[PDB]
Amino acid sequence: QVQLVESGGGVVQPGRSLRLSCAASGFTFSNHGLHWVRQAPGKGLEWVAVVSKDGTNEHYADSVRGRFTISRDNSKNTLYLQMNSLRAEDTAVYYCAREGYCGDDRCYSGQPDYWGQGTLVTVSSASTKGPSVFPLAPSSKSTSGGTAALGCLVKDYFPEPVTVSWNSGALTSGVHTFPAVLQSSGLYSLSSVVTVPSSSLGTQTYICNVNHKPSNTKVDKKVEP
Amino acid sequence: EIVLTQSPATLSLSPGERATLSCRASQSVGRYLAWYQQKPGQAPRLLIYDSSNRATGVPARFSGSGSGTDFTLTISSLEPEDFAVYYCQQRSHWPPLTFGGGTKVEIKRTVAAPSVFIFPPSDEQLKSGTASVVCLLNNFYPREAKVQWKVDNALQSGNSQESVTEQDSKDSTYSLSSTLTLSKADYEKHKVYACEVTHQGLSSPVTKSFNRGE
Amino acid sequence: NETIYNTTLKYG
C-alpha cells in the first residue's frame, strides 16, 4: 500500500525555523513528483510547494517563496520542507502528497493522488503556560425543565492541547468539550460542559479532570451548585 | 492564479438524497479539475480527476461533470459515510495549484431549538482580576444562531468569542459556547448581564440574565 | 499498476 508519514511540526516562534519530513513507501519513489499542501485551523486547503521526481526542479506558493525550501532524497524515499522566517499565518496542518505519474520525461501531472496524515505547525510568540480551571456552577440560571448544566472553564493556557474528562472518563453522556479559542493574549481558553438531571445536583458528584501536558498541569475540580 | 469558487458553502441533506456541488473557475481550466473528500481529523481523498474520471475505489454514486469554468460533483444517493467536506482543484494553469474553498455536506434533521444557560464568573476568577461570563446554547439545529450580549441593556461588541461543536454523531445537533470577557473592574460597574439568543426553533428570542453578585 | 496522467507542467 502507498504510505506517507509526515513529521516535524511543533510550536515555533516567529522568525525561527522548523524542518518537516515525509517518509514514503509502497510505490516507486523516483517516478512521482511530491507536494506539500497546508490547512490552517478551520480553513480550506492551500498548496505550498512541489518538487520534481528527480529533485532538480521545484515551485512555490508566492507567500512562502524565499522562506520555505522543498527538497527530496531519492536515496531515502524522503521529502523535506525547510521552513524559515516563520510567521503566525503559517500556522496549519501540513500534508505531504504524491502526484500521479505523468511519464518518463521531465513532467509534472499536478494531480495529487495520495496524502499523508498531516503534521501541525503552530507559529506563536507565546510561552508555555498552564491553565486556570474555574467552575461553571449549576444554578437557577442554568436549569431548564429538570435539566441542569454545569462545567469547567479552562482559561489562559499555551500551547494546545488540553484534555478534559468527567468523573475520570466514566461520564461521557451529555458532555460537550468545545474547541479552544485563541484569545488576543495569545493564550487559549475552552469550556467543557455537561447536562444532567437537576434532581442529581445533591446526589451525584461531578469532577472535571483537566490535563495540560506541556505545563505538567493536572487539575481535578469538583463542580458544586 | 486561477481562483475556484465553490457553492453552496453548506448542503444540508438527508441520507438517500442526491447532492449536487458546484465549482466555478475564474478562467477556463479545460477539463483539468479534480474533487477531494475530507472528513474531520483525516487527510483529503481523491475522488475525481479530469472532470469526470473516478479514482481508485471510488463508488459509482460519485460523478463529476463540466468543462471550462463550470463543474459539478454529484452524489446520486447519499450514504452515511458521504457527509464530509468536498474540495475542487485545478491543474490546467499552475503554479500555483489552486483549491476551491470547500462545500460541507451535512446531515439534515428536524429543527431543534437550543436550551440556553448562563453562568456568572466564579468567585475564584474574580479574585484574579478577570470576569468571564459564559452563555451555553445546547443541542440545536440548524447551525445558524445569533448570540447577543447585553450589559444593563447596552449591546456588547468586540469583547466576546464563541465556539461550536461538530455535529453530534447520534442526534445531529450542534452546541455553542459564547464567552464575554471583562476586567473585574469593568464587570463591577454594571448590574444586569444578559445573553439574548435568536434561533429558527424559537418563536421569539430567548434571554437568560442575572443580577451581578446575586 | 499506475495511472498515466496527462502532463500539465514541464521543466528543462
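Proteins come first, then strands; the chains are lettered A, B, ... in the order of their sequence lines, and each starts at number 1. Side chains included, hydrogens not; waters and symmetry mates left out as well; all remaining heavy atoms used.
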Item checked: Test item: B/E106 and B/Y174 side chains (from C-beta on) under 4.5 Å apart, heavy atoms -> yes
Next item on the list: Would you confirm whether the ring centroid of B/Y36 sits within less than 6.0 angstrom of the ring centroid of B/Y87?
Entry: no
Check: Should A/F68 and A/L86 count as side-chain neighbours, where that means a heavy-atom distance under 4.5 Å?
Finding: yes
Margin query: If we ignore hydrogens and angles and just use 3.5 Å, is the side chain of A/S144 paired with the main-chain N or O of A/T147 as donor and acceptor?
Written below: no
Margin query: Salt bridge or not between B/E81 and B/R61? Use side-chain N to carboxylate O under 4.0 Å.
Written below: yes
Check: For B/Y32 and B/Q90, does a side-chain donor sit closer than 3.5 Å to a side-chain acceptor?
Finding: no
Check: Does A/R98 come within less than 4.0 Å of A/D113, counting only side-chain N to carboxylate O?
Finding: yes
Next item on the list: Salt-bridge test for B/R91 and B/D50: reply yes if a basic N is under 4.0 Å from a carboxylate O, no otherwise.
Entry: yes
Next item on the list: Side-chain contact test, heavy atoms from C-beta onward, threshold under 4.5 Å: evaluate it for A/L18 versus A/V121 and give yes or no.
Entry: yes
Checklist line | Contact summary for B/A25 and B/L4, nearest pair of heavy atoms | finding: CB-CD2, 3.6 Å
Check: Thinking salt bridges, do B/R24 and B/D70 make one under a 4.0 Å N-O criterion?
Finding: yes
Next item on the list: Flag the pair B/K39 / B/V85 as yes when at least one side-chain heavy-atom distance between them is below 4.5 Å, and no otherwise.
Entry: no
Note to self: Taking the basic N atoms (NZ, or NE/NH1/NH2) and the acidic carboxylate oxygens, is any pair closer than 4.0 Å for A/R38 and A/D90?
What the structure shows: yes
Next item on the list: Would you check if the side chain of A/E99 reaches a backbone N or O of A/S109 as a donor-acceptor pair within less than 3.5 Å?
Entry: yes
Check: Is the gap between the ring centers of B/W94 and A/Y108 under 6.0 Å?
Finding: yes
Note to self: For B/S52 and B/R31, which I'm curious about, is there any donor-acceptor pair between the side chains at under 3.5 Å?
What the structure shows: yes
Next item on the list: May I ask you to decide if C/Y5's main-chain N or O and C/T3's side chain share a donor-acceptor pair within less than 3.5 Å?
Entry: no
Next item on the list: Spell out, as yes or no, whether a donor-acceptor pair under 3.5 Å connects the side chain of A/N167 to the backbone of A/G169.
Entry: no
Next item on the list: Mind telling me whether B/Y187 and B/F210 have parallel, tilted or perpendicular rings, with 30° and 60° as the class edges?
Entry: tilted
Checklist line | Pairwise side-chain contact, A/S132 with A/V219, heavy-atom cut-off 4.5 Å (strictly under) | finding: no
Next item on the list: Could you tell me whether the side chains of A/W166 and A/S192 share a donor-acceptor contact shorter than 3.5 Å?
Entry: yes
Notebook entry, point to check: Got more than 12 heavy atoms from elsewhere within 6.0 Å of NZ, A/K43?
Noted result: no
Notebook entry, point to check: Hey, are the side chains of B/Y49 and B/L33 touching, using non-hydrogen atoms and a 4.5 Å cut-off?
Noted result: no
Item checked: Identified side-chain hydrogen bond (donor to acceptor under 3.5 Å, both in side chains) partner of B/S175 from the options B/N138, B/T165, B/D168 -> B/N138
Notebook entry, point to check: Between B/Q6 and B/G102, is there a donor-acceptor pair closer than 3.5 Å when you use the side chain of the first and the backbone of the second?
Noted result: yes
Margin query: Surrounding CD of B/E144 (heavy atoms of other residues, nucleotides or ligands, distance under 6.0 Å), is the total greater than 12?
Written below: no
Note to self: Looking at A/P14, is its backbone amide N or carbonyl O close enough to the side chain of A/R87 to form a donor-acceptor pair, meaning the two atoms are under 3.5 Å apart?
What the structure shows: no
Notebook entry, point to check: Would the number of heavy atoms belonging to other residues, nucleotides or ligands and lying under 6.0 Å from CZ of B/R45 be above 12?
Noted result: yes
Check: Relative to the ring of A/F178, is the ring of A/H176 parallel (under 30°), tilted (30 to 60°) or perpendicular (over 60°)?
Finding: tilted
Next item on the list: Would you name the heavy atoms of B/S163 and A/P179 that are closest together and state the gap between them?
Entry: OG-O, 2.6 Å
Checklist line | Side chain A/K129, main chain A/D156, donor-acceptor under 3.5 Å | finding: yes
Checklist line | Expected output: side-chain B/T74 to main-chain B/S76 donor-acceptor under 3.5 Å | finding: no
Check: Just checking, is any N or O donor in the side chain of B/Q42 or A/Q117 under 3.5 Å from an acceptor N or O on the other one?
Finding: no
Margin query: Tell me whether the NZ or CZ atom of A/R19 lies within the 45° cone about the ring axis of A/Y80 and under 6.0 Å from its centre.
Written below: yes
Notebook entry, point to check: Taking everything shown except B/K108 itself, do over 12 heavy atoms lie less than 6.0 Å from its NZ?
Noted result: no
Note to self: Testing the 3.5 Å rule here: is there a donor-acceptor pair between the side chains of B/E1 and B/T98?
What the structure shows: no
Check: Does a sphere of radius 6.0 Å around NZ in A/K213 hold more than 12 heavy atoms from other residues, nucleotides or ligands, not counting ones at 6.0 Å or beyond?
Finding: yes
Next item on the list: Report the residue from A/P214, A/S127, A/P159 that forms a side chain to side chain contact (heavy atoms under 4.5 Å, CB included) with A/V11.
Entry: A/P159
Next item on the list: Please report the closest heavy-atom contact between A/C102 and C/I4, naming both atoms and the distance.
Entry: O-CG2, 4.1 Å
Check: What heavy-atom pair brings A/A180 and A/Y157 nearest, and what distance separates the two atoms?
Finding: CB-OH, 3.2 Å
